[PDB]
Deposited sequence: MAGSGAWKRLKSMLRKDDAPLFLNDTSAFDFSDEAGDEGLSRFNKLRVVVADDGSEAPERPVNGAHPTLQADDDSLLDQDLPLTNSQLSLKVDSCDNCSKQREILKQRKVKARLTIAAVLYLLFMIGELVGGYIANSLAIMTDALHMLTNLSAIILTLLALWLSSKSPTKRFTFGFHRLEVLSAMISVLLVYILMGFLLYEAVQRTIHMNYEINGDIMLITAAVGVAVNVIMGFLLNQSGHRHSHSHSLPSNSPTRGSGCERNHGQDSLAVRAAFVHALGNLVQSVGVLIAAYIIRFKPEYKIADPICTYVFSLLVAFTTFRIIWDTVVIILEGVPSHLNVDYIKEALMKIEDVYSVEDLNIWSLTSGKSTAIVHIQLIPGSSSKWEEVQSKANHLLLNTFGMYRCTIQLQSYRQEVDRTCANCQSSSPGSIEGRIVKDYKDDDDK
């Protein structure tokens, strides 16, 4: 009954992504009007962060819509790699935002006077954690979809930066002769953001480089296929994934000598085994008689 199962998954993913996008836009407008009645550009400065989050989500939605298209004559496989590309784009945007914050901090640690803000820094950090914790529960997930995972990683990075800014504002508020704690918090929590993004970066790079997914081991699959009756060897067992949840395989069973007619049965057994017990959105196998 898996013919239409994936449709429900993409519908849920799209619904969650549009809900997140409209929530981000609503928070954007709310913070903008709040800053307008509070005539402060520092509050408006978070509009850029909301912009990059919303742009990443919009690009993800476009990539998913394109991926829903049927394969063409130029792309024999589907457009599922567009979702991976959108994930890389989102990671690049969060890295760019972290780099901008890092440059602002490195300019903060020198030139003196540190451009003191005060209480207003606490408020923009208080809403940063409050907004991002809502998005974290929305994109919780806990195979999973790579798009929502990338959105959740972006939300977690934004939450880490927000809590770092909150901590820095609090330590500045009490005993304000320190006046310097903000750049160190910026550095430490930028490192933490990199730690958060490490796993998704590794998974995406492995996906692009035609490596096996991290949740599959070749030795176990090879032994399982070798357990099939009338199988002599597995010459090559290439495995790669178009995207998270859509992983294919190429298999090169060699037949037992003296039994070459029983090739269709072996092919069906291998196909059914691979599909049912490893996912294998589609798999193709090639049989060779004994040499």
Numbering from 1, run down the deposited sequence and write out every stretch that has no C-alpha in the structure.
-> 1-97, 240-265, 415-446
